[PDB]
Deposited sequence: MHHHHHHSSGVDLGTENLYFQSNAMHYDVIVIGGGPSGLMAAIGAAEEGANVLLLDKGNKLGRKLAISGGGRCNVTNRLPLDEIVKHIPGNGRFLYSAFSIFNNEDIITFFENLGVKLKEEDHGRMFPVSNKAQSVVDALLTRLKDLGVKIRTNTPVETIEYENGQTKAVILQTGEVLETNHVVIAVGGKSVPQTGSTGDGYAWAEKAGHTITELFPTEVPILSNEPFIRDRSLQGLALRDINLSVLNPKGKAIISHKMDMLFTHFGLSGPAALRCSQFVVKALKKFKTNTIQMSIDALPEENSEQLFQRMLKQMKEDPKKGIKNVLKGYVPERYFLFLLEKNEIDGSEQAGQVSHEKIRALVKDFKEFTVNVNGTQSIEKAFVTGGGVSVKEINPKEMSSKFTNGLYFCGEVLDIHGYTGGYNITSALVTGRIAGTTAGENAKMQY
């Protein structure tokens, strides 16, 4: 046993785990499949890396819908503000942008990766690139060895699994970690994509009626209800995309899986600022100002023209009908479609194409203060391989950095 701790995976969690263990005085090996460490980290935040989020604790947890509450213990030890200080000290100043989102002053993800690599070098962590792991050996409820794809055996009593999820496999995250966890006794929460476009075969989608149409600042709901507020949506050839749709997508997936229906209902509130009474009266007070003018001109500007004209048809209103020859029941209907237009949807894009993989190693089986397995001694987990996931805004890297630091410092401590 040359190595006190072996960390498998050099994403943000693995890099923090290796630093965490080496600070505890352990001789640490960090293994990665790729020719470079931090490939996904290097593309994160549009190439700038949204490293963390400075919002208060309770808001951070709320933005991590996949087991955010599990992180309460971790955050007591090492939290968002601690992340900011940590990076400052490694010479990579951060800045705050919108909605609490923190980015390097350099505006370059590579800056973050390089700082972490420099700290590993300073601490004497051994790094082996192009070194894929095949499996982990366990005996007597304890970790015994890491087995490389080549067959090379690396004996150790402390292994940190930091290999990420299943999305964007070109970066190295191909779901290798789940089988190792199962071998160790763990359950895997069923995997689902997050932040992906939603599919629909509604006739109006198939006939491209609204294709390319952006609806700005809408409320998009998944009915049963889960609601994304004041975000933009886009109608595509295949369904719904844009921030509002992407946010709802994990909820579409779960629902379809739980229930075994072919479609589920979504609802679009195109004008969330205004209630159906205010909107109805707005519309009357305009139909009276110009009762001889065509309704398609009297009521322009409420929603984009293509959506407007589609909804008129749907409600059997001739756009050229005189504003004072349109029945008030048919206007009430138009207002209901402005506030709650239903769209049946029937799936989403795949996990390969997702932002983050939802599901993973169950956190019920992990000691929250340690990131240690409850089943196998000398086994630790961190990052996206765990069943933790965040919305966009820095939350996923927050969790990876935090869990990686706790897992690493616990391993390094245990190994001594």
No C-alpha positions exist for deposited residues 1-24, 249-252, 445-447
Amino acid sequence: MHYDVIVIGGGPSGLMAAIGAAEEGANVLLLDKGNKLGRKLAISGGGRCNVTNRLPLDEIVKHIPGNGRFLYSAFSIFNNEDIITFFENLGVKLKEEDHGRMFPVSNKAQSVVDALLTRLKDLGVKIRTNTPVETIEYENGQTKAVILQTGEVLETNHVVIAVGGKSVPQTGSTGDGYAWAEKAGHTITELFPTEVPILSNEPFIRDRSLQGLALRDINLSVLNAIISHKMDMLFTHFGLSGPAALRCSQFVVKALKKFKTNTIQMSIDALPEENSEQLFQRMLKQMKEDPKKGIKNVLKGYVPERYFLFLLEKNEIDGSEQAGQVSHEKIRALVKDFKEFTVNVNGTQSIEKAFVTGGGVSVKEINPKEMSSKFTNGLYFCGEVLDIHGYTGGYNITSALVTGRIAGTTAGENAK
From here on, numbers count along this sequence of modelled residues.
Averaging the C-alpha B factors as listed in the entry, name the stretch that ends up higher: 364-372 or 387-395.
364-372
18-26 versus 400-408 - which carries the larger mean C-alpha B factor in the record
18-26
Checking the entry, which one of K121, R101, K230, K166 has the top C-alpha B factor?
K230
In the PDB entry, which of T131, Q110, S249, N275 has its C-alpha at the highest B-factor?
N275
Using only modelled residues of the chain, where does the Cα B factor of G301 rank: lowest third, middle third or highest third?
highest
Entry-reported C-alpha B-factor of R48 relative to its chain, by third, is lowest
Lowest, middle or highest third of the chain for the C-alpha temperature factor of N67?
middle
Third of the chain, ranked by Cα B-factor, where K126 sits
lowest
Which third of the chain does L312 land in by C-alpha B-factor: lowest, middle or highest?
highest
